[PDB]
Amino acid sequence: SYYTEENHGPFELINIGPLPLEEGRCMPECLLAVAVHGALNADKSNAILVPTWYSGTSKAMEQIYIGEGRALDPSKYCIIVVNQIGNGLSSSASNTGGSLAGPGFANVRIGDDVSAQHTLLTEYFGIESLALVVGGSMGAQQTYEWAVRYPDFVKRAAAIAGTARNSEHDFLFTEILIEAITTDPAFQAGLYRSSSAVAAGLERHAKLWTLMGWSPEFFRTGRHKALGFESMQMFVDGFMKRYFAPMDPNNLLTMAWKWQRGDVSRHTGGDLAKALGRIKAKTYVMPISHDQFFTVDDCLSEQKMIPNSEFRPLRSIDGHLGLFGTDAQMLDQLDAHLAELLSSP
């Protein structure tokens, strides 16, 4: 009941046909849930691709980032928001039959999403280049993979709060996030009868996201209170637990495995400088100042490897989950940077 058009729509389900996956299995049919905002011009020069992030859907990207006086303005651009494979709206553990059902769903990599999106854009939209690819966190992982895998296709790229190659510390964080779910016996090796049977694991998952998803300064200065939650307990229970409670464990695990392995250097034998050296897009690297796990240092290290790129950190004590749109001043910064990027040749 969570993954519906009534909650996340409108979107279109587009069957892009069979999808051979990097890990070796083939999806007989890959359905991508796509939301399109704005019209494509005759040059097809105004398309923007927006990948979705961990546990997220196209509806979040639309609610937080897209609109009239925003950088992502559908009166000027054709903004194409594409849901991750495994996110519950596109083909996922939760909505696919046969051998891909539930814990049978394949291991999907960032590169598989980008490959599917490329097929979608060329064959269903007839688009041969993107004015901008922009995403946050896992959405930034896909942004980097686009810029490296199809370098002449991507004219501009904005990687918000995410890296091109995942760190060992981030891998550990996600492993602990996974174990929060899989160590709940009600998970039943993915064969749980309903999402909510795994409430304990989903709550433990939410508590870890509270610990790592914001920042110590967020809580010290009472940001949670400004958002309407009088205490850490109220914030954990009223915001964080409630966010994850209706979601599907198998889907979260599909996206967590994928997030763990984001690595554009797979194109270059593990040489990251060589992969990032391939980027032709005008690229803004935009970590959030207080992000606890995609750090300013992590992202600056990569930016130095991307030719013609710019380092444009967002200042927000809301840290990583400032992506959720809790900090309007952060959103204003982001809009100014993105408008400047879109304005550049």
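One rule holds for the numbers: they count along the sequence shown, beginning at 1.
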Avg C-alpha B-factor, entry values, 261 to 269 vs 236 to 244, higher side is 261 to 269
Residue range whose averaged C-alpha B-factor is higher in the record, 279 to 287 or 312 to 320: 279 to 287
In terms of CA temperature factor as recorded, identify the highest of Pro216, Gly222, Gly98, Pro249. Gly98
Which listed residue, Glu123, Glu145, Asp113, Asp170, has the largest C-alpha temperature factor in the record? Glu123
Considering every modelled residue of the chain and its Cα B-factor in the PDB entry, is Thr326 in the lowest, middle or highest third? lowest
Rank-wise, by C-alpha B-factor, drop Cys26 into the lowest, middle or highest third of its chain. highest
According to the PDB entry, is the CA B factor of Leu253 in the bottom, middle or top third of its chain, that is, lowest, middle or highest? lowest
According to the PDB entry, is the CA B factor of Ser75 in the bottom, middle or top third of its chain, that is, lowest, middle or highest? highest
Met138 - Cα temperature factor, lowest/middle/highest third of chain: lowest
